[PDB]
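Chemist: A single structure is presented below for examination.
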Amino acid sequence: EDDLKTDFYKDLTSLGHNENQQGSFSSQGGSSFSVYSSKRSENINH
């Protein structure tokens with residue numbers, strides 16, 4: 001007699017992620033008064 005049995009099992013999984021997010025925000029507020037005289041300025045950035 002000769003018997004010969006053989007198994008080869010291979011399993012491969014690859015997972016990839018690339019994520020890119022940008023946000024840039026700016027707001028301005030201004031009031032001006034002249035002759036009473038006043039100047040008023042506001043600026044905000046995020």
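Just so we're on the same page: first chain in the structure tokens is A, next is B, and so on; residues restart at 1 for each chain, and ligands are numbered from 1 in the order they show up.
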Enumerate the residues of chain A with a DSSP assignment of strand (DSSP E), computed from the backbone, and present them as an mmCIF file with N, CA, C and O atoms, in the first residue's frame.

Modeler:
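Done, and the output landed in result-v5.cif:
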data_model
loop_
_atom_site.group_PDB
_atom_site.id
_atom_site.type_symbol
_atom_site.label_atom_id
_atom_site.label_comp_id
_atom_site.auth_asym_id
_atom_site.auth_seq_id
_atom_site.Cartn_x
_atom_site.Cartn_y
_atom_site.Cartn_z
ATOM 1 N N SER A 26 -13.527 82.543 8.856
ATOM 2 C CA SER A 26 -13.258 83.867 9.402
ATOM 3 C C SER A 26 -14.465 84.772 9.202
ATOM 4 O O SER A 26 -15.118 84.732 8.156
ATOM 5 N N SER A 27 -14.753 85.588 10.218
ATOM 6 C CA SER A 27 -15.861 86.535 10.209
ATOM 7 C C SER A 27 -15.377 87.878 10.736
ATOM 8 O O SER A 27 -14.536 87.930 11.638
ATOM 9 N N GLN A 28 -15.906 88.964 10.171
ATOM 10 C CA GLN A 28 -15.519 90.313 10.561
ATOM 11 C C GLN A 28 -16.749 91.189 10.754
ATOM 12 O O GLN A 28 -17.734 91.068 10.020
ATOM 13 N N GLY A 29 -16.677 92.072 11.750
ATOM 14 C CA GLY A 29 -17.722 93.044 12.014
ATOM 15 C C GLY A 29 -17.153 94.430 12.246
ATOM 16 O O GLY A 29 -16.178 94.585 12.989
ATOM 17 N N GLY A 30 -17.746 95.446 11.620
ATOM 18 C CA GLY A 30 -17.194 96.787 11.672
ATOM 19 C C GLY A 30 -18.228 97.893 11.745
ATOM 20 O O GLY A 30 -19.223 97.876 11.012
ATOM 21 N N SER A 31 -18.000 98.862 12.630
ATOM 22 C CA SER A 31 -18.818 100.063 12.714
ATOM 23 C C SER A 31 -17.907 101.268 12.889
ATOM 24 O O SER A 31 -16.914 101.204 13.620
ATOM 25 N N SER A 32 -18.252 102.367 12.217
ATOM 26 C CA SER A 32 -17.416 103.559 12.187
ATOM 27 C C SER A 32 -18.272 104.801 12.383
ATOM 28 O O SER A 32 -19.367 104.905 11.824
ATOM 29 N N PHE A 33 -17.765 105.738 13.184
ATOM 30 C CA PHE A 33 -18.483 106.957 13.527
ATOM 31 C C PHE A 33 -17.509 108.124 13.480
ATOM 32 O O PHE A 33 -16.378 108.017 13.966
ATOM 33 N N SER A 38 -16.132 107.492 16.740
ATOM 34 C CA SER A 38 -15.773 106.158 17.197
ATOM 35 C C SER A 38 -15.470 105.286 15.990
ATOM 36 O O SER A 38 -16.062 105.454 14.920
ATOM 37 N N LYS A 39 -14.539 104.352 16.172
ATOM 38 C CA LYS A 39 -14.320 103.261 15.232
ATOM 39 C C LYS A 39 -14.356 101.949 15.999
ATOM 40 O O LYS A 39 -13.737 101.832 17.061
ATOM 41 N N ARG A 40 -15.078 100.968 15.461
ATOM 42 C CA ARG A 40 -15.271 99.687 16.133
ATOM 43 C C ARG A 40 -15.097 98.569 15.117
ATOM 44 O O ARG A 40 -15.772 98.557 14.084
ATOM 45 N N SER A 41 -14.192 97.636 15.413
ATOM 46 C CA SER A 41 -13.844 96.557 14.499
ATOM 47 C C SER A 41 -13.743 95.254 15.276
ATOM 48 O O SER A 41 -13.162 95.216 16.364
ATOM 49 N N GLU A 42 -14.313 94.188 14.712
ATOM 50 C CA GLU A 42 -14.193 92.847 15.266
ATOM 51 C C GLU A 42 -13.842 91.858 14.163
ATOM 52 O O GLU A 42 -14.425 91.895 13.076
ATOM 53 N N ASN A 43 -12.883 90.976 14.451
ATOM 54 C CA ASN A 43 -12.476 89.928 13.521
ATOM 55 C C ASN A 43 -12.274 88.634 14.295
ATOM 56 O O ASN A 43 -11.588 88.624 15.321
ATOM 57 N N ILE A 44 -12.870 87.548 13.802
ATOM 58 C CA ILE A 44 -12.747 86.228 14.409
ATOM 59 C C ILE A 44 -12.373 85.210 13.339
ATOM 60 O O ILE A 44 -12.879 85.266 12.213
ATOM 61 N N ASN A 45 -11.480 84.282 13.691
ATOM 62 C CA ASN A 45 -11.030 83.223 12.795
ATOM 63 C C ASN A 45 -11.122 81.875 13.499
ATOM 64 O O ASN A 45 -10.749 81.752 14.670
#
